[PDB]
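Structural features, examined
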Amino acid sequence: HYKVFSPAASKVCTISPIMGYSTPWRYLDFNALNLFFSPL
Amino acid sequence: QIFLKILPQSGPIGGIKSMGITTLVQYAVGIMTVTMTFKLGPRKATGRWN
């Protein structure tokens, strides 16, 4: 399912309520330096 | 071994009044420059985690 992510807001919230879409797809994330270098 | 000394120089001998055998007061200075080469071996490879 493609779902619509949209919570309700009015305690500190964002400038305006946020909205987006959630997809059935997963994606790869390797945005970190420690993943490529061992401590040695 | 590198041996260094100052070649002695004789004092005046002649018509001067009983000078006698002497040596000229001489001392040496210089710059001694030493160059040594060292063969160097690469660091051994490491596969540790830490």
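Residues numbered from 1 in each chain as written, not as in the entry; some residues may be left out. Chains lettered and ligands numbered in written order. Part of a larger assembly, values for the part shown. Heavy atoms only, no water.

In terms of determination method and resolution, the entry is listed under cryo-EM at 3.1 Å.

Take the overall build of chain A next. When helices and strands are tallied, chain A shows zero helices and two strands. The C-alpha extent of chain A, read off along each of the three principal axes, is 50 × 30 × 10 Å. Residues counted as buried form 2% of the 40 residues belonging to chain A. Within the structure as shown, chain A displays about 4600 Å² of accessible surface, and the carbon and sulfur contribution to it stands at 62%. (Helix = DSSP H or I, 4+ residues; strand = E, 2+ residues; numbered from the N terminus. Buried < 20%, exposed > 50% of the residue type's maximum accessible area, 1.4 Å probe, protein only. Areas by Shrake-Rupley, 256 points an atom, 1.4 Å probe, with all protein chains shown as cover.)

Counting its secondary structure elements, chain B contains zero helices and zero strands. Its C-alpha atoms give chain B a radius of gyration of 28 Å, clearly above 10 Å, the size a compact globule of 50 residues would have. In terms of principal-axis extent, the alpha carbons of chain B reach across some 90 × 20 × 10 Å. Every one of the 50 residues in chain B was classed for burial, and the buried ones make up 2%. (Rg over C-alpha atoms; globule rule 2.2 N^0.38 Å.)

Moving on to a nonpolar patch on the surface. Among the surface-exposed residues, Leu28, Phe30, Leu33, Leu35, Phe36 and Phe37 of chain A lie close enough to one another that they form a single nonpolar patch of about 790 Å² accessible area. On the secondary structure map, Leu35 of chain A appears in the segment after strand 2 (20-22). (Patch = residues over 30% accessible without salt bridge, like charges linked within 9 Å, V, L, I, M, F, W, Y side chains within 5 Å. Salt bridge = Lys/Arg side-chain N within 4 Å of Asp/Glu carboxyl O.)

This brings us to unusual backbone geometry. In this model, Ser18 of chain B sits at a positive phi of 55°, which is unusual for a non-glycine residue. For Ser18 of chain B, a relative accessible area of 72% gives the class exposed.

So, on to the environment of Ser38 of chain A. Tracing the sequence through the fold places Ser38 of chain A in the segment after strand 2. According to the relative accessible area criterion, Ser38 of chain A is partly exposed, its value standing at 31%. Other than its neighbours up to four places away in sequence, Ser38 of chain A contacts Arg48 and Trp49 of chain B. (Contact = heavy atoms within 4.5 Å.)

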